[PDB]
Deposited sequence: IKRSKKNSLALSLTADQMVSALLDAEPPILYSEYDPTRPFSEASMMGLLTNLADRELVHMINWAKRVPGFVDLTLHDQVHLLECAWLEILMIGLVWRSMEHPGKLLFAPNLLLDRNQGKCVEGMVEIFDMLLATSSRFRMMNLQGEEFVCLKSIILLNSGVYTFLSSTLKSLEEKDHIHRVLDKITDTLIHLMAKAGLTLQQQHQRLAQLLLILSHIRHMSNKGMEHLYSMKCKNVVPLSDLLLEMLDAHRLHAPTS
């Protein structure tokens, strides 16, 4: 009831200021074991989850939703949001994943954990794609907010009031993306093409999350890593 009043510049400003902090890892740069690396990654993810929730409530229109629907959106999208963040900060590091400023991992270190190098390859490919497109920070925060609102909306009485509100905010972010591109001097045809290019990447990000959810579940059942209660509940929501 207020996010609709935001201008394109104000949407960007609100999103930029809502950005979560970049966290460090406990990593003592002692060599990796398989359990060691999974520990670092999951510990990091768990701490990031806490900040993600603060961020989500600062995403324009999110607090207007019921507490139930906020839970559903975050449960659905949390790994997607973690991954696009990872991919974004890894953009200027070709062939490397910047989980934290003190935890920069190349592809072959994905092999430390069974079945993780396939996940790394997908993440790196996405980062390479962002780098190819020269993805801007302002575009990035728009994309991440889109993921939060869109990923779980299809799996939702006056429930339509929530859905229509979410879609109305989604259109606003689309307007914001286009605004950024027009401001960058892109022609009308180039704006529509770039918009499409950015959104189709979200299809691959969804794919990576689904794959990552399965991998994380497999590592869980084997108990190579003790997952936090919060992380376990987020994983449980996808009921694999």
Next on the checklist: If a residue lacks a C-alpha atom here, it counts as unmodelled; so which stretches of the deposited sequence fall into that category?
Outcome noted: 1-7, 37, 165-168, 253-257
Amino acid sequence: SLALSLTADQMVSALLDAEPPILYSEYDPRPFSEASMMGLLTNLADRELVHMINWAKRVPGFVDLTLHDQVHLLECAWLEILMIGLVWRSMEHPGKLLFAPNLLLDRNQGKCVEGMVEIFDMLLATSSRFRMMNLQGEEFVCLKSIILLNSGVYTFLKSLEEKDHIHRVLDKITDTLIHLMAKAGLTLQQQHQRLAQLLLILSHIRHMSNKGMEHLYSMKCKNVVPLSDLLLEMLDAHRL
From here on, numbers count along this sequence of modelled residues.
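Rigid core: the largest C-alpha set superposing within 1.5 Å between the two forms.
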Checklist entry - Which stretch is less alike in 4 other deposited structures of this protein, 91-99 or 161-169, counting RMS CA distance after the rigid core is superposed? => result 161-169
Checklist entry - Relative to this form, superposed by the core, which stretch has the greater CA RMS in 4 other deposited structures of this protein: 15-23 or 212-220? => result 212-220
Checklist entry - Taking the other compared entries of this protein, do a third or more of them lack coordinates for residue 232? => result no
Item to check | residue 154 coordinate gap across at least a third of other entries | outcome: no
Item to check | 216-224 set against 8-16, stretch whose average Cα temperature factor tops the other in the entry | outcome: 216-224
Checklist outcome for this item: Entry B factor averaged over C-alpha atoms, 134-142 against 76-84: higher for 134-142
Checklist entry - Which of these has the highest Cα B-factor in the record: 201, 182, 63, 208? => result 63
Item to check | Largest Cα B-factor, entry values, listed residues 171, 69, 34, 46 | outcome: 34
Item to check | Where the record places residue 30 (Cα B-factor, split into thirds across the chain) | outcome: highest
Item to check | For residue 40, the third of its chain into which the C-alpha B factor falls | outcome: middle
Checklist outcome for this item: residue 153: C-alpha B-factor third of its chain, per the entry, is the highest
Checklist entry - If you rank the chain by CA B-factor, which third does residue 89 end up in: lowest, middle or highest? => result middle
Item to check | Chain-wide C-alpha B factor ranking for residue 129, given as lowest, middle or highest third | outcome: lowest
